[PDB]
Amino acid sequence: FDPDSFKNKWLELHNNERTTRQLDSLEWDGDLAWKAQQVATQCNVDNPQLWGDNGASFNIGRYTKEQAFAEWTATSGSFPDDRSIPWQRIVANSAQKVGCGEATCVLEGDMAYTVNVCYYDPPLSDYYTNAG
């Protein structure tokens, strides 16, 4: 595990997407990244145990960073419906900060797959607030 490159890759993926669209870059926040790992550690994509006011303000996904990120941005198509929220978290105007974390989990007696989680601050709100 190389932390410095880890932060770089995640930030680049996020900031590429927003740079294209004339948006301010996101800054890394360690606290979020920690919380991200707390959630990542559980090996539970469907029913994570969450804590905090911003507990739900996160994306979750399987495999490599690129694959996981793409799967979120792929949801752009149906904006502004609730199916596109993954993508909304990434490109919300209001959003300032991201932190990501990972965990290696195992398909029982088969193979190991990475789990990725990113947290966002401020958390996503209503349609109007998000673009403010």
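In this text, residue numbers run from 1 along the sequence as written.
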query: Mean C-alpha B-factor comparison - 79-87 and 46-54, higher one; finding: 46-54
query: Comparing 105-113 with 8-16, the one whose average Cα B-factor in the PDB entry is higher; finding: 105-113
query: Which of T41, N93, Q67, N59 ranks first by CA B-factor in the deposited coordinates; finding: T41
query: CA B-factor ranking of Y128, expressed as a third of its chain; finding: middle
query: Third of the chain, ranked by Cα B-factor, where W28 sits; finding: lowest
